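Shown next, in structure tokens, is the structure this report addresses.
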Amino acid sequence: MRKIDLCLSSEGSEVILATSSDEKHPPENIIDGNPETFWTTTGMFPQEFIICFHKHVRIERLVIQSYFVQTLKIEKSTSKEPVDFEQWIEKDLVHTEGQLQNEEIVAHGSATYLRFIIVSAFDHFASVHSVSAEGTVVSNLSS
């Protein structure tokens with residue numbers, strides 16, 4: 001009942017602008033959702049990337065399951081291009097050591113692009129395992 005996984009490529013949302021992008025640790029896993037894979041930095045602080053919904057989606061929550069993250073600068077865009085952004089929710093994350101912290105972020109906004117800027121982490125390696133936006137698609141791009 002509403003709140004579908006808007007962040008996946010299965011929903012037509014891909015990733016772009018990956019500062020640190022591994023070819024054997026593929027960021028494509030982020031929008032895939034296989035537990036055996038995750039995106040970890042090769043040592044690029046800060047580490048930023050954009051998620052292209054390619055569509056107008058209504059975000060009600062951000063579910064972020066990651067490790068090591070300290071400063072998570074969440075910036076949003078509702079433009080048509082990889083430009084014109086607004087600082088949405090820059091939040092600090094609690095150092096999770098062996099703890100799966102599923103972050104229920106109650107953030108209400110419409111977006112087409114999201115730029116996750118992980119400025120710093122408690123560890124010099126930061127890994128995102130799963131991220132999803134809980135909401136619904138408002139406008140299909142080609143329809």
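We name chains A, B, ... following the order of the structure tokens; residues begin at 1 in each chain, and ligands are numbered from 1 as shown.
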
Item to check | residue 142 (chain A) environment, 12 Å, only C-alpha atoms, sequence neighbours closer than 4 positions dropped, as a ChimeraX atom specification | outcome: /A:12,54-56

When you look at residue 25 (chain A) with a cut-off of 9 Å (counting only C-alpha atoms), what residues show up, excluding the ones that are within fewer than 5 positions of it in the same chain? I need them as a PDB file with N, CA, C and O atoms, in the first residue's frame.
ATOM      1  N   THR A  37      26.717  -8.614  -2.174  1.00  0.00           N
ATOM      2  CA  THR A  37      27.406  -7.472  -2.745  1.00  0.00           C
ATOM      3  C   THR A  37      27.090  -6.190  -1.985  1.00  0.00           C
ATOM      4  O   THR A  37      25.996  -6.032  -1.440  1.00  0.00           O
ATOM      5  N   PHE A  38      28.075  -5.303  -1.922  1.00  0.00           N
ATOM      6  CA  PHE A  38      27.899  -3.977  -1.353  1.00  0.00           C
ATOM      7  C   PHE A  38      28.915  -3.023  -1.970  1.00  0.00           C
ATOM      8  O   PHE A  38      29.914  -3.464  -2.545  1.00  0.00           O
ATOM      9  N   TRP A  39      28.662  -1.728  -1.864  1.00  0.00           N
ATOM     10  CA  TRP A  39      29.583  -0.732  -2.394  1.00  0.00           C
ATOM     11  C   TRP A  39      30.439  -0.160  -1.272  1.00  0.00           C
ATOM     12  O   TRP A  39      29.918   0.374  -0.295  1.00  0.00           O
ATOM     13  N   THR A  40      31.746  -0.297  -1.410  1.00  0.00           N
ATOM     14  CA  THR A  40      32.678   0.248  -0.443  1.00  0.00           C
ATOM     15  C   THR A  40      33.682   1.145  -1.156  1.00  0.00           C
ATOM     16  O   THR A  40      34.027   0.906  -2.316  1.00  0.00           O
TER      17      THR A  40
END

Next on the checklist: To one decimal place in Å, what is the distance between CA of residue 127 (chain A) and CA of residue 113 (chain A)?
Outcome noted: 20.7 Å

Item to check | Point-to-point distance in Å for CA of residue 27 (chain A) and CA of residue 139 (chain A) | outcome: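 Going from CA of residue 139 (chain A) over to CA of residue 27 (chain A), I get 25.6 Å.
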
Checklist entry - Which is closer to residue 15 (chain A) than all the others in A:125, A:68, A:49, A:116, using only C-alpha atoms? => result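 So, comparing all the options, the nearest one is A:49.
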
Item to check | For CA of residue 8 (chain A) and CA of residue 90 (chain A), the interatomic separation in Å (one decimal) | outcome: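 About the pair CA of residue 8 (chain A) and CA of residue 90 (chain A): they are 22.0 Å apart.
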
Item to check | A:35, A:79, A:91, A:117 ranked by distance to residue 20 (chain A), top pick (using only C-alpha atoms) | outcome: A:117

Item to check | Residue neighbourhood residue 106 (chain A), 12 Å, only C-alpha atoms, exclusion window fewer than 4 positions, as a list in words | outcome: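 That gives residues 59, 60, 61, 62, 63, 64, 88, 89, 91, 133, 134 and 135 of chain A.
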
Item to check | Proximity to residue 70 (chain A) - best of A:120, A:10, A:99, A:132, only C-alpha atoms | outcome: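 The shortest atom-to-atom distance to residue 70 (chain A) comes from A:120.
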
Next on the checklist: To test your reading of the structure, identify every residue in region 48-101 of chain A that backbone DSSP assigns to strand (DSSP E), and report it as a PyMOL selection string.
Outcome noted: chain A and resi 48-67+69-77+86-92+101

Write the residues of the preceding selection, restricted to C-alpha atoms, as an mmCIF file, in the first residue's frame.
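Okay, out.cif is ready:
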data_model
loop_
_atom_site.group_PDB
_atom_site.id
_atom_site.type_symbol
_atom_site.label_atom_id
_atom_site.label_comp_id
_atom_site.auth_asym_id
_atom_site.auth_seq_id
_atom_site.Cartn_x
_atom_site.Cartn_y
_atom_site.Cartn_z
ATOM 1 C CA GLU A 48 29.418 11.307 -3.411
ATOM 2 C CA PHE A 49 27.080 9.777 -5.970
ATOM 3 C CA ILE A 50 23.751 10.557 -7.609
ATOM 4 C CA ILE A 51 20.772 8.250 -7.979
ATOM 5 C CA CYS A 52 18.713 8.931 -11.087
ATOM 6 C CA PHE A 53 15.055 8.050 -10.682
ATOM 7 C CA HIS A 54 14.480 9.296 -14.254
ATOM 8 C CA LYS A 55 10.980 10.076 -13.012
ATOM 9 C CA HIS A 56 8.998 12.193 -10.566
ATOM 10 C CA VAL A 57 8.673 10.163 -7.382
ATOM 11 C CA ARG A 58 7.146 11.108 -4.049
ATOM 12 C CA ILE A 59 9.540 10.193 -1.254
ATOM 13 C CA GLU A 60 8.082 9.731 2.220
ATOM 14 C CA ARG A 61 11.001 7.862 3.781
ATOM 15 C CA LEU A 62 14.632 7.020 3.138
ATOM 16 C CA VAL A 63 15.619 3.562 4.335
ATOM 17 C CA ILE A 64 19.393 3.454 4.560
ATOM 18 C CA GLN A 65 21.302 0.408 5.764
ATOM 19 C CA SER A 66 25.016 1.185 5.832
ATOM 20 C CA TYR A 67 28.163 0.763 7.907
ATOM 21 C CA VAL A 69 29.103 6.245 7.847
ATOM 22 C CA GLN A 70 29.564 9.388 9.947
ATOM 23 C CA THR A 71 28.475 12.492 8.047
ATOM 24 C CA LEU A 72 25.788 11.822 5.454
ATOM 25 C CA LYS A 73 25.001 14.910 3.401
ATOM 26 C CA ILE A 74 21.764 14.194 1.539
ATOM 27 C CA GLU A 75 21.090 16.625 -1.296
ATOM 28 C CA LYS A 76 18.049 16.469 -3.599
ATOM 29 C CA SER A 77 17.117 17.596 -7.093
ATOM 30 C CA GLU A 86 18.919 21.637 -2.618
ATOM 31 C CA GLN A 87 20.441 20.455 0.651
ATOM 32 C CA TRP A 88 17.761 18.107 1.936
ATOM 33 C CA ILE A 89 18.890 16.236 5.033
ATOM 34 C CA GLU A 90 22.482 16.274 6.206
ATOM 35 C CA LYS A 91 22.426 13.813 9.080
ATOM 36 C CA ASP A 92 25.086 12.123 11.160
ATOM 37 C CA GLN A 101 21.432 -0.127 11.392
#

Checklist outcome for this item: Between A:128, A:107, A:114, A:121, smallest distance to residue 13 (chain A) by only C-alpha atoms belongs to A:114

Checklist entry - Which is closest to residue 129 (chain A) among A:26, A:98, A:46, A:33, if we use only C-alpha atoms? => result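 Comparing A:26, A:98, A:46, A:33 against residue 129 (chain A), the winner is A:33.
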